[PDB]
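Structure first, commentary second.
When we count neighbours, we look across all protein chains shown, and the Cβ atoms used for this are built from the backbone with ideal geometry, even at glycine. Nothing in this text is a laboratory measurement; each read-out follows from the coordinates by a stated rule.
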Amino acid sequence: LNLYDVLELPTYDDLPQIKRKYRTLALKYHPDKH
Amino acid sequence: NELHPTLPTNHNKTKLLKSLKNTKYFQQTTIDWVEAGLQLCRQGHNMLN
Amino acid sequence: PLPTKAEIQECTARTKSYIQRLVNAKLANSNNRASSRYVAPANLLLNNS
Amino acid sequence: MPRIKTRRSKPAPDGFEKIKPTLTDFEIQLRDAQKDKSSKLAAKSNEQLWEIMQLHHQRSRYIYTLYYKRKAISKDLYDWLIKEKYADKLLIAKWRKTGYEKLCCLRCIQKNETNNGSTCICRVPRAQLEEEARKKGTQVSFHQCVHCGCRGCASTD
Amino acid sequence: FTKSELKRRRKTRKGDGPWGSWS
Amino acid sequence: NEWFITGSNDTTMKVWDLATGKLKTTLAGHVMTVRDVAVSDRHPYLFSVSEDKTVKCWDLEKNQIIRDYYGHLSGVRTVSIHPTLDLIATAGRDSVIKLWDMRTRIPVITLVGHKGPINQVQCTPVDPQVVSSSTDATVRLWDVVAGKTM
Amino acid sequence: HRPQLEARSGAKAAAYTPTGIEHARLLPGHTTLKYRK
Amino acid sequence: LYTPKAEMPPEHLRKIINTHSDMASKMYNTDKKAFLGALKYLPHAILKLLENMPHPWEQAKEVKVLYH
Amino acid sequence: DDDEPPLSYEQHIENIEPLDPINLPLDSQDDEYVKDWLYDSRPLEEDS
Amino acid sequence: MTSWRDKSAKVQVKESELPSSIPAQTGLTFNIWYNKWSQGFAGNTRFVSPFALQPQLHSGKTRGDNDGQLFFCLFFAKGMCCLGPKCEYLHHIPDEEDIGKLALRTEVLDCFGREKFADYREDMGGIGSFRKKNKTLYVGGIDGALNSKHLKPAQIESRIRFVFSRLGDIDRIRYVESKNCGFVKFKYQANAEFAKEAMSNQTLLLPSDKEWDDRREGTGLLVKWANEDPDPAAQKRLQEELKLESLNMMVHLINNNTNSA
RNA sequence: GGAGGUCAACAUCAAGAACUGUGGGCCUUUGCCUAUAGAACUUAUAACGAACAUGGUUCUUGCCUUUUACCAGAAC
Ligand SMILES: [Mg+2]
Ligand SMILES: [Zn+2]
Ligand SMILES: [Zn+2]
Ligand SMILES: [Zn+2]
Ligand SMILES: [Zn+2]
């Protein structure tokens, strides 16, 4: 399973984009909520 | 008839009558055979008329 | 982007189920006791009173 | 085995003759029931049928009283009757059961045929229908089981 | 209801059992 | 990638080898010209379709017609095989797109829409599952479950 | 009063009520698919 | 549930058909529809009847019919 | 004949007695085992 | 009460007496499915009823009463009912109470328990519409009186009044001299239906007058549903009635609407 | 509780000469190897039926004005 597959996300992202990806996922799959 | 077999149909287990008798509308009895022949002739004749 | 993966495993699911509902809805309609082998109160009326 | 006197049929047992007249009065009436007395109205038709069912009931009740009440006949005469279709084996067997002593028919206890639930109102004691009637004060609308013509099979009434 | 009440009560029906008409 | 299937205007279909270009076999069976041919991924099936109003399946194993789908009013110019559903999509001068159930040969869904003949049809796994193009100079993106233009 | 000038839209036939006659060629046949590997 | 079928007097059947012989009333409007339907099942009834022929040594067979 | 309606079983036929069938004389001595039940409708119904 | 309520209904006609089916020889051969005749067309088939009712004489209690059925026996309305007190439906002329019971279901279907159709009928035939409450019967084919010509229209008028008058509460009646038609109007839709089915195909004058014993050869009188009234007067009268009644139900609307809040 | 029933429902009946459960080891559930228990019915001149009908499509024919109805072989 890819890291992209694990997050169920699509495949040169910036360090900023990396942060934003986590933030987006956090909103969706927040462990404290789900 | 020996050369070309058929090898019937499992799930055929459902038959016309077993399905038919189930309903309100069919009732069972005995009767003399000749009488069933005559009834069936009258049945048929009414049907085609 | 092409449409991921676990997105198509959804559309395929719901569409597949829907088409099955149509087909099975048809095969139980038509005149064959044969064709049916290839196949709730549900009403809260008004205020449900 | 058949009603007919076909050569295979074994001759009557001993006690038969005494009861032959009583049975013949039933037979001669069934002749008159199926003669096709014509009627326009539905009610009258299924009334005609009710005649037949009730006659059948009465005959089998006669024999049942002979063997299982008075014991006025032998076992062999009885079995010979059943094999000759003067009686209804299954129906009698219901009569021997606890709750069914007065029963109409075997249709009236059919659970499957009737739409919801089962067992014609033909089987429900008047004692009760008078009570649910009493709640409405509409009296009671029931008269005849459509299959039979029964009014209260239930063995209390 | 009571057994005596029923036994007495039924003979009211016109014709024995069970085709006998209540009323 | 071992071969072609090529329609023709002579009614045949000739299966050519891609490597050397030699001719493997010929599949006859249509009485008029064959407008479209489509081969399946998941299945060993070949769906051909023609101007004779008929969509014929072909079993690649035995090379014989298996099924006929029925119900177009007139010549059927396009077949496309839905990727994941075991469906066919056919279309032609009917001016409607017929979604065929591959197994039972039942024209399950019909897509009313274009005001003229339908030239070319495609299938996609997610939404719009059918794209269509017609001589009314439009291209519609269909939603099949609801059965109307997305 | 001759030729086609148009074709019949299947749309029309889509709105009619079904008859339910049973044809000979829709009787069940080749009732099982085949999947490739 | 499932109580088996209820066997009935033959006189009953004889009365049913014996009645429907003449039908002109309006009360028959379903039964008429009912006849044409059964036209589809007849040849089956012809089979089941004709395979039960009584054979020479028997005088009269007696069978179980299922009637509408 | 075509004009004669089929005669009703509940009247003409049912009263009139069956008039013996084929059978065979058999033999008393040789067939002693099978003489009895051979021509029954269903040959053996009640036997354990 | 003293008349109808106590005295149980009496069989009008013995079942053996009822007319046979298979009406007579309108054509060459009989047809089994539809009940009519085959080839050729005989002179048009219509005939006076051998039967009629007698409101106080026949009508009486029946089983529906105890069973609380809503709907009236039409074979009673034709006085042809052979089931007598055994009948499933009510035998008596509709009153205001019973219409009170029907009031919910009188919208879709007539008093006899038959669904109404939408459009009436080409000739204004048997049963009405559920669009329009129509209380007005057209009486026509007045030659149901056969060929006797009468001293005045007060003969026709008077006789009709005494006919329908029994069948229910009449709001008005007008015979027309020029074109032979009566127009009769009732309080209630129900009585209109009942009277229509009651008096269709009937005869006239006295239990015995003149040609009376030949009455059965007559054609019998059409009772059909009546069109609107073209004259301005009654048109005003309708418009007003509709107005005041609309006004009357606005009271209900504001009472239960006021309860809605 | 025993015998039955021209009673019903639900399972199963054409295949690596072929079934299922369980114990243990390896890979990482599947799958392979090893150990153990039980296998009704149907099969070798092969099959549930010691019997034997029809229909559809596709080819080849045969009658032969054309369609139904057909002639007699094959494959599915
Ligand atoms: Mg031609
Ligand atoms: Zn009963
Ligand atoms: Zn009952
Ligand atoms: Zn009863
Ligand atoms: Zn009545």
**OP:** Would you compute, from DSSP H runs of 4+ residues alone, the mean residue ellipticity of chain D at 222 nm, taking -39500 (n - 2.57) per run and dividing by the full residue count, rounded to the nearest 500?
**Re:** -14500 deg cm²/dmol
Subject >> Choice from D:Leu41, D:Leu81, D:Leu90 showing the highest fluctuation, given a GNM over chain D with Cα pairs closer than 10 Å >> reply: D:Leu41
Subject >> Shielding score for D:29-41, defined as the mean number of other chain Cβ atoms within 10 Å >> reply: 6
**OP:** Find which of F:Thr78, C:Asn47, I:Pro43 sits farthest along the positive direction of the dipole of the protein assembly as shown, computed with +1 on the beta-carbon of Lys and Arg, -1 on that of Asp and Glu, about the Cα centre.
**Re:** C:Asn47
Subject >> Nearest 10 degrees, 0 to 90: helix J:189-199 Cα axis against chain J principal axis >> reply: 10 degrees
**OP:** Go through region J:1-91 and name the GluC sites (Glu not before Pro) that are in a DSSP coil and have 16 or fewer other Cβ atoms within 10 Å of their Cβ.
**Re:** J:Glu88
Subject >> For region D:114-130, 3J(HN,Hα) per residue [Karplus equation, 6.51 cos²θ - 1.76 cosθ + 1.60, θ = phi - 60°, Hz, x = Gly/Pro] >> reply: 4, 4, 9, x, 4, 6, 2, 3, 3, 9, 9, x, 3, 2, 8, 3, 5
**OP:** Note down the net charge around J:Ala190, summing +1 for each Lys or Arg and -1 for each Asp or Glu among other residues with Cβ under 14 Å from its Cβ.
**Re:** -1
Original post:
Can you give the translational diffusion coefficient of region J:194-261 in µm²/s, computed by Stokes-Einstein from the Kirkwood radius over Cα pairs at 20 °C and 1.002 mPa s?
Top reply: 127 µm²/s
Original post:
What ranking, highest mean first, results for peptides J:215-223, H:12-20 when packing means the other Cβ atoms within 10 Å averaged over each residue?
Top reply: H:12-20, J:215-223
**OP:** Place the peptides F:18-25, F:44-51 in order of packing, highest mean first, counting for every residue the other Cβ atoms within 10 Å and averaging per peptide.
**Re:** F:44-51, F:18-25
Original post:
Of J:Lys78/J:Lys224; D:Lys35/D:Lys94; A:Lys28/C:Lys5, which sit over 25 Å apart, Cα to Cα?
Top reply: D:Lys35/D:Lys94
Subject >> Burial ranking of peptide ranges D:46-53, J:149-156, A:12-19 (average Cβ count within 10 Å, highest at the top) >> reply: D:46-53, J:149-156, A:12-19
Original post:
Karplus couplings for region J:111-127 from phi (6.51 cos²θ - 1.76 cosθ + 1.60, θ = phi - 60°), rounded to Hz, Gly and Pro as x?
Top reply: 5, 8, x, 10, 5, 7, 9, 7, 9, 6, 6, 3, 9, 6, x, x, 10
Subject >> region D:1-123 - Rg and Dmax from Cα coordinates, angstrom >> reply: 16.6, 49
Original post:
So what is the 222 nm mean residue ellipticity for chain H from helices alone, if each DSSP H run of at least 4 adds -39500 (n - 2.57) and you divide by all residues, rounding to the nearest 500 deg cm²/dmol?
Top reply: -13000 deg cm²/dmol
Original post:
Hey, rough spin-label estimate for I:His12 and J:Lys187, points 7 angstrom out along Cα→Cβ, what's it come to in nanometres?
Top reply: 6.5 nm
Original post:
Could you work out the helix-only [θ] at 222 nm for chain J, with each DSSP H run of four or more residues adding -39,500 (n - 2.57) and the total divided by the number of residues, to the nearest 500 deg cm²/dmol?
Top reply: -8500 deg cm²/dmol
Subject >> chain D - charge dipole about Cα centre, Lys and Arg +1 at Cβ, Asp and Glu -1, debye rounded to 20 >> reply: 380 debye
**OP:** Take the Cβ-Cβ distance between H:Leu39 and B:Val34 as r, set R0 to 22 Å, and report the resulting FRET efficiency rounded to the nearest 0.05.
**Re:** 0.40
Subject >> Entries of D:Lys102/E:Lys7; F:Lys148/G:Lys37; D:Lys37/H:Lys32 with Cα pairs more than 26 Å apart >> reply: F:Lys148/G:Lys37
**OP:** Would you tell me the mean number of C-beta atoms belonging to other protein chains that fall within 10 Å of each C-beta in F:100-106, as a whole number?
**Re:** 5
**OP:** Please identify, among J:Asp209, J:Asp98, J:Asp171, the residue showing maximal mean-square fluctuation in a Gaussian network model of chain J using a 10 angstrom Cα cutoff.
**Re:** J:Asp209
**OP:** Report, as an integer, the average count of C-beta atoms from other chains found within 10 Å of each Cβ along J:65-74.
**Re:** 2
Original post:
For the protein assembly as shown, what class follows from the C-alpha gyration tensor (a ≥ b ≥ c being the square roots of its eigenvalues): rounded when a/c is under 1.5, otherwise prolate if a/b is larger than b/c, else oblate?
Top reply: oblate
Original post:
Simple spin-label model, 7 Å along Cα-to-Cβ: J:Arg5 to D:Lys135 in nm?
Top reply: 2.9 nm
Subject >> Two-site label geometry, G:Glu6 and J:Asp119: point separation in nm, points 7 Å out along Cα→Cβ >> reply: 2.6 nm
Subject >> Rounded if a/c under 1.5, otherwise prolate or oblate - chain I, Cα gyration tensor axes >> reply: prolate
Original post:
Does region F:1-93 classify as rounded, prolate or oblate by the C-alpha gyration tensor (a ≥ b ≥ c root eigenvalues; a/c under 1.5 gives rounded; else a/b over b/c gives prolate, otherwise oblate)?
Top reply: oblate
Subject >> Unsatisfied cross-links (Cα-Cα over 29 Å) in the set H:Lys15/H:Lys48; D:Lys20/J:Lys14; B:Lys21/D:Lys20; H:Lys26/J:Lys210; D:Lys40/D:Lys97 >> reply: D:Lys20/J:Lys14; B:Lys21/D:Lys20; H:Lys26/J:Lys210; D:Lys40/D:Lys97
Subject >> Residues with amide H under 5 Å from that of J:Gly141, placed H, sequence gap 5 or more >> reply: J:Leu222
**OP:** Quick one: dipole size for chain I, taken about the Cα centre, charges +1 on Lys/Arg Cβ and -1 on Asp/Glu Cβ, in debye to the nearest 20.
**Re:** 180 debye
**OP:** Would you kindly derive the ³J(HN,Hα) couplings of region H:11-24 from the backbone phi angles with the Karplus curve 6.51 cos²θ - 1.76 cosθ + 1.60 (θ = phi - 60°), listing them in order in whole Hz, with x for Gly and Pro?
**Re:** 3, 4, 3, 4, 6, 4, 5, 4, 6, 5, 3, 9, 3, 10
Original post:
Sorted from fewest to most neighbouring beta carbons within 10 Å, what does the list D:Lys136, J:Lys7 look like?
Top reply: D:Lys136, J:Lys7
Subject >> About the Cα centre, charge dipole magnitude for chain J (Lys/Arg +1, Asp/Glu -1 at Cβ), debye >> reply: 160 debye
Original post:
Of D:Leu30, D:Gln139, D:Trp80, which is farthest on the positive side of the dipole of chain D, counting Cα position, with +1 on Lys and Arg Cβ, -1 on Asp and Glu Cβ, and the Cα centre as origin?
Top reply: D:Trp80
